[PDB]
Amino acid sequence: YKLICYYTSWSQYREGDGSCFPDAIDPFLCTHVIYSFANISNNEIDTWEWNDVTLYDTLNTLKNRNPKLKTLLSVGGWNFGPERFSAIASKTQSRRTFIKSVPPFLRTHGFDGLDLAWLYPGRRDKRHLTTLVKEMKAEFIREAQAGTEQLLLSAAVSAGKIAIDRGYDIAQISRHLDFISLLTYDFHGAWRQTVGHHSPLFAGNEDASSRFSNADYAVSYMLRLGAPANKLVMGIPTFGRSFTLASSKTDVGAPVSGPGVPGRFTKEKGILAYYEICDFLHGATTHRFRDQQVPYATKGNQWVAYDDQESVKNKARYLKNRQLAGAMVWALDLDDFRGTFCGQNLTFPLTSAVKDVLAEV
Ligand SMILES: *[C@@H]1O[C@H](CO)[C@@H](O[C@@H]2O[C@H](CO)[C@@H](O[C@H]3O[C@H](CO[C@@H]4O[C@H](CO)[C@@H](O)[C@H](O)[C@@H]4O)[C@@H](O)[C@H](O[C@H]4O[C@H](CO)[C@@H](O)[C@H](O)[C@@H]4O)[C@@H]3O)[C@H](O)[C@H]2NC(C)=O)[C@H](O)[C@H]1NC(C)=O
């Protein structure tokens, strides 16, 4: 089984213990570590942070301890305008320029592959995305003639039914990608004024209409559209989504007024690292959706939807049972990487729980 783990650049800037550098990463934890995110300049792949080539080097030295570890560099991301990706892929010339710049860059910095985080292709992009994947893979096939191990090509893809139908030709890109990471953790959000979980495993026979916003539906749909289970990797959260309640009600459907108050370390409204949630739990009331198989907690007027060791192990068994290639974790810097916030002296409790199940039969 594969255990794909993302590490984010901007996490080096968090204060105190929140600060996370590549060397905090256990070399034997994951099978693949992906550095997010690279940028695109003058239609060529490029660094993002001022110290990226230093962090690239730090990350890739982990391979000195675990020779089987593979690393990839992810291009795109949220702070990367989808339109920008759009313009690059639409024209044969700018596309070909981008494709040619990738191998040397990866070879120079020591990466084993490229991860595409085009978020998200619209209706007009579908055909170009296919073109980008095909041609990028062909270039990787060509570059390997030089005697070096062929570069890997992966992509992070929406788990939303409508997003999938709109921007992806799953049957086509599946044959060219080494693995597809399903972003099965964006099923709810603070864009809608009600309380709900962003990463439920199952539908839940209650207040419905979605019936598509759960990991089980997403996996099934991808398999039906033509993607081989052996290339699918299910995404597992290491963060939680928070809400500010508009009333004293805490159960399903509870009125929301906006995002939750920022965490001391992550400083972003609407989300909390798992290590911040461990602290948040002291004095909070914990609950669990029986049907969806995921937990949530409340304290004062704060409502948090998150994943714990049990829900994550649960998700891992589910993907083993559907015979998928593995799991993807977003992100290592959001898990209790120091291992000093969550109680049981253990580094990366969430990611380790996934690994244990995967190492199981
Ligand atoms: C990721 O990679 C992207 C893509 O390269 C970077 O984004 C580009 O970065 C530069 C610097 O941040 C920006 O450059 C240029 O801005 C001036 C022109 O911008 C115009 O802005 C007006 C808006 O009022 C708009 O009407 C025009 O359409 C145009 O966009 C330009 O004059 C600036 O300067 C130069 O001027 C002369 C050469 O003409 C030279 O003497 C100077 O030294 C200098 O080179 C500058 O070049 C650009 O606006 C920005 N655009 C995009 C696509 O975002 C990112 O910085 C990268 N991200 C990270 C984190 O690095």
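Counting from 1, the numbers follow the sequence of the chain as shown. All ligand and atom numbering here is 1-based and tracks the order in the structure.
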**Whether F341 and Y275 hold their rings parallel, tilted or perpendicular, with breakpoints at 30° and 60°** =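 Plane angle between 30° and 60°, so tilted.
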**Request:** Quick one: sort the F243 and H188 rings into parallel, tilted or perpendicular, breaks at 30° and 60°.
**Result:**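 Perpendicular: the ring planes of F243 and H188 meet at over 60°.
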Short check: is a protein heavy atom less than 4.0 Å from [atom]?
atom                    : value
atom 51 (N) of ligand 1 : no
atom 42 (C) of ligand 1 : no
atom 16 (O) of ligand 1 : no
atom 57 (C) of ligand 1 : yes
atom 5 (O) of ligand 1  : yes
atom 27 (C) of ligand 1 : no

**Prompt:** Does the side chain of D115 come under 3.5 Å of the side chain of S74 through a donor N or O and an acceptor N or O?
**Reply:**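 Yes.
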**Request:** Return yes if a side-chain donor-acceptor contact under 3.5 Å exists between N205 and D291, otherwise no.
**Result:**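 Judged by distance alone, the side chains do pair up.
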**Item:** Protein heavy-atom partner closest to atom 60 (C) of ligand 1 - residue, atom, separation in Å
**Value:**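 Closest protein heavy atom to atom 60 (C) of ligand 1: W48 NE1, 3.4 Å.
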**Request:** Please state which part of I40 comes within less than 4.0 Å of ligand 1, counting heavy atoms only: side chain, backbone, both or neither.
**Result:**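 The part of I40 near ligand 1 is the backbone, not the side chain.
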**Message:** For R338, is there an ion pair with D17 - N to carboxylate O distance below 4.0 angstrom?
**Reply:**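 Yes, charged N to carboxylate O under 4.0 Å.
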**Prompt:** With a 4.0 Å cut-off, would you call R96 and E135 a salt bridge?
**Reply:**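 Looking at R96 and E135, the cut-off is not met.
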**Message:** Looking at every heavy atom in both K299 and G283, which two are closest together, and how far apart are they?
**Reply:**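 What the structure gives for the nearest pair is CG-O, 3.9 Å.
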**Asked** Of all the atoms in ligand 1, which lie at a distance below 4.0 Å from a heavy atom belonging to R84?
**Response**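 What qualifies from ligand 1 is 1 (C), 2 (O), 3 (C), 4 (C).
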**Message:** Out of all atoms in ligand 1, which are within 4.0 Å of some heavy atom of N39? Include the element for each.
**Reply:**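 With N39 as reference, the close atoms of ligand 1 come out as 1 (C), 2 (O), 3 (C), 55 (C), 57 (C), 58 (N), 59 (C), 61 (O).
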**Asked** N/O to N/O below 3.5 Å, does that happen between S41 and ligand 1?
**Response**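 Among all N and O atoms of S41, at least one is under 3.5 Å from an N or O of ligand 1.
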**Item:** Among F289, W330, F239, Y306, the one residue meeting ring-ring contact (aromatic ring centres under 6.0 Å, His included) with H198
**Value:**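 Testing each of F289, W330, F239, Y306 against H198, the sole residue satisfying ring-ring contact (aromatic ring centres under 6.0 Å, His included) is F239.
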